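Enquirer: Below: one structure in structure tokens.
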Amino acid sequence: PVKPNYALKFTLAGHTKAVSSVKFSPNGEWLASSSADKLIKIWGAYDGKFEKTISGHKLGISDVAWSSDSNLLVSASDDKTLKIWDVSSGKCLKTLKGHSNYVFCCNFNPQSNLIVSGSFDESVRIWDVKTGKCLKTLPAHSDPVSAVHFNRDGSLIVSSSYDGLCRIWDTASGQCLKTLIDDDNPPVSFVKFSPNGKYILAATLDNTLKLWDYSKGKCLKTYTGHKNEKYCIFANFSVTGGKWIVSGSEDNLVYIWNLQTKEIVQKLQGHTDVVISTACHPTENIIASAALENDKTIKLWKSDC
Ligand SMILES: CCc1cc(C(=O)NC)c2nccc(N3CCc4c(cc(Cn5ccnc5)cc4-c4cn(C)nc4C(F)(F)F)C3=O)c2c1
């Protein structure tokens, strides 16, 4: 494919404050959303149909993530906890306590026996899903931690921070294996491993996204044209059709780039505030996007390629 043709299909209204994160379930059936309104909502991934609300955090929620079997969610909240939820019942199975400030970002490992979290308290924590106990506290950064992500076999964690660093961690030992810097040390506002585990995609608050070979410390691709100077905006690899990079933007648009050529191949208009979060469906060419307080809707876009 040369360019996609994403078109708006559904708009999901229901959160009463800004939406902070949207994520598709691994089995493709569901979209989970978190919000500053302290709620998680579940929505049908293909029809946008509202399914249920999951409640329990005492303050707003920054992030949510799915277990590999699509049965559990973990949420990261300003109440300084994470919560593990059984989605079908809505029960809170565990409350993960230990961070000393807002918990901002979270993810399961592929086995989904571990959770990783990052916090305003500048640490990264690794948690046992079964017991809810904190296994390791990493002295990861010297400013708030903007993203945490496991690689494809769970052996590595990548973290990013406003301190301008990206770090790679050994899951088993907790040791810092690599520190990665970039010219003029802009805040690193998002990072995640590529699906094959060989690269990391990193956003910095100089309106720039970069694809890095972290083993060689070499920058392979640079994507620009969007606005990102303030917020920690999710970015994605889109792999179900053409190979794209997808990101939100502070000019209220979803940006889509050709991964190899770095050209902008589509901009999606419709949101009325900053697009803080995007996600890519695991098997179909479907993008979910979510916006901040003046919009607070979620949108589902569909493409033929
Ligand atoms: C590293 C932590 C940090 C540090 C600084 C800083 O230290 N600045 C000097 C900083 N500054 C300015 C703005 C910041 N924020 C704060 C708010 C926010 C932001 C990004 C995302 C999306 N997201 C979630 C995980 N990964 C990405 C969600 C929310 C959020 C959380 N809740 C409860 N409601 C919302 C919202 F916005 F939807 F309302 C975001 O960027 C910010 C964050």
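FYI, nothing fancy with the structure tokens labels: chains A, B, ... in order, residues from 1 per chain, ligands from 1 as they appear.
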Can you pull out every residue with an atom within 9 Å of ligand 1? Use only C-alpha atoms and all ligand atoms and format it as a PyMOL selection string.
Expert: chain A and resi 17-21+34-38+59-64+76-78+102-106+118-120+122+143-148+160-163+187-190+230-234+276-277+290-293+296
Enquirer: Kindly provide the residues of stretch 186-294 of chain A that approach stretch 169-179 of chain A to within 12 Å, each paired with its closest atom pair and their distance in Å to one decimal, based on only C-alpha atoms, listed by chain and increasing number, as a Markdown table.
Expert:
```
| residue | atom | partner | partner_atom | distance |
| --- | --- | --- | --- | --- |
| A:214 | CA | A:178 | CA | 8.5 |
| A:215 | CA | A:178 | CA | 8.7 |
| A:216 | CA | A:178 | CA | 10.7 |
| A:217 | CA | A:178 | CA | 9.4 |
```
Enquirer: For residue A:252, which residue among A:283, A:240, A:289, A:222 is the nearest when counting only C-alpha atoms?
Expert: A:289
Enquirer: Considering only strand (DSSP E) as DSSP defines it on the backbone, what residues of stretch 18-264 of chain A qualify? List them as a ChimeraX atom specification.
Expert: /A:19-24,30-35,40-44,50-54,61-66,72-77,81-86,92-97,103-108,114-119,124-128,134-138,145-150,156-161,166-170,176-180,188-193,199-204,208-213,218-223,235-238,244-247,254-258,264
Enquirer: Of the residues A:164, A:4, A:278, A:229, which is the one nearest to residue A:248, using only C-alpha atoms?
Expert: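 Of A:164, A:4, A:278, A:229, the one nearest residue A:248 is A:278, counting only C-alpha atoms.
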